[PDB]
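Structure 1 and structure 2 below are the same protein chain in two forms, each given by itself as structure tokens.
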Structure 1
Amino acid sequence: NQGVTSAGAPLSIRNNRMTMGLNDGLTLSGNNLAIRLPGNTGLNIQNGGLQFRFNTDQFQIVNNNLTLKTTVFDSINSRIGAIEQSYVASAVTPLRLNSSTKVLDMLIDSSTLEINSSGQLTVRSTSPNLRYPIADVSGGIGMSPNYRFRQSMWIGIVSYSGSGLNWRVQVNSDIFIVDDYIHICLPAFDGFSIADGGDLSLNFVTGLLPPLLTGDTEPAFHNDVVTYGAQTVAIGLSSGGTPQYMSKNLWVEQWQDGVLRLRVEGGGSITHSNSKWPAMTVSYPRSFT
């Protein structure tokens, strides 16, 4: 009576002695009841009770809720802003970016453009299209030396004919071709009687020195009839005595089938049986393709 004879859990009595039942998590510390916190799991008895512990840089409490400090992601939100601000996502032709290989390259026309051995871009050097007499003269565009000067020779027959007089003669003659003119340089020669008027004929069908050809003696006026290069020449006329020199008019009259005709006329005449012709050069513009 007035004593204590029974007790409600977690108190219990045995033989006048009271003890207390504890689950895990409650324990004895010195003489006192305490919360038991095995290990280090962020819980601790500190500042007068039970508290939770968290790295101060990574976490914080807001209205007593565990929260993440925003300064956690700063290094990430920066390293990505440092890109979104400027980077290449697409490329326009001639550029092409393979979104998968992360590889960019360029579309060049191989015909016009190429890459240096030094990895540079440069224009394909193309040989220019040239028509004779324009040609590659030692590296550059120039003038074919062959157009400017070509030397040959003619060994052939010169035929005179004028109102019923006829004779031939063999001559040896230099030929020069220079730009658009040809020059036949006839030596002096002897022949027979000439008429007041007549034709002198150079037969190029035979006798030109290779690689020259009969067609190479065709005038630019082809086979028209002309009075081209009209000049005055002097011819010794005689009957075996001292020749008398007669002035005569000579010109290029017409070219036909590789035979060039020169007219020889004017000056009045004289009975004679032999003629002493001088050297005469004959020039005319030459045919081309």
Structure 2
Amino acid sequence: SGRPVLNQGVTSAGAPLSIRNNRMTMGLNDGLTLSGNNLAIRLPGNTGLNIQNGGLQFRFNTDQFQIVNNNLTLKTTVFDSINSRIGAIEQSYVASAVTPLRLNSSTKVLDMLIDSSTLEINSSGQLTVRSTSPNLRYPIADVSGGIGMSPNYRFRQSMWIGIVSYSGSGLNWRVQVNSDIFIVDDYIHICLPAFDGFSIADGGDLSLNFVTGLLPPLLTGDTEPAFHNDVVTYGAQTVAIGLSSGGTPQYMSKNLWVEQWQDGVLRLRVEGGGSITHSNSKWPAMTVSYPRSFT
């Protein structure tokens, strides 16, 4: 059984085994190396791999990671301090607001909607009711801070400097007088001074022309009666007038009343009592009063 060449021991090998000069070696890629005389795994640097516990193992932070079914797994305890902080905000916070409350979602700012006329914010940031002036109508008015009665309604004085005219059955004449005027509540008082006139008739008219002669702030319209231009027998009274023709006057008791106001002219009736022939009349001071027009 003679083959020319007799192989003895080992004459060949398969990769990664190789033979050079009758010496056998093993080729090694990166990752495999020699540690002393033994084949070793090479783990350059520090990347989480290490030779420990008898072999190749992967290392990880035992607070952040764990192994479940031989799978790298996040420990749930690494998220917990996040979930409890959020959960602590979810348990109670404001997401929406109802009027008068207003939340601007984009600025995260909360404010309150109020009404200027009724409410105001003071110098302390407090919400407060605005101190409002109540709606009043003369003669009701603001009096030193409160709801009162206007002093101008209670009393007002002025003067009329003007013409008194007598008319009656052809008898004719006029005189100039200065008179105080007092307006008190809903009345006007015209305080005529004593004056001298001429012939009067049994019945006649004494007219006061308020179209001119009223001193500011009074105007003609302020002498209009509350009964306006109706014909009345208002404030009828008895006046004594001295009649004469140069000599000793005879005092006649006459009847006088406010009868009508028309277009600024107050007309007073003067009648009754006796009559005599005479050329002169000595009139007494006479106050004439009546209720005054208002608006």
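For residue numbers, the reference is structure 1: its sequence is counted from 1. Each form is matched to the other, and the largest set of C-alpha atoms that superpose within 1.5 Å is called the rigid core.
Among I141, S78, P38, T126, only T126 lies at the hinge, the spot where C-alphas switch from fitting one rigid part better to fitting the other between the two structures. Put simply, the small part of the chain turns as a rigid block by 17° against the big part between the two structures, using C-alpha fits. Core fit done between the two structures; CA of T122 shifted by 4.0 Å.
When the rigid core is fitted, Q51 shows a C-alpha shift of 25.0 Å between the two structures. Taking the core as the reference frame, the CA atom of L95 shifts 7.4 angstrom between the two structures.
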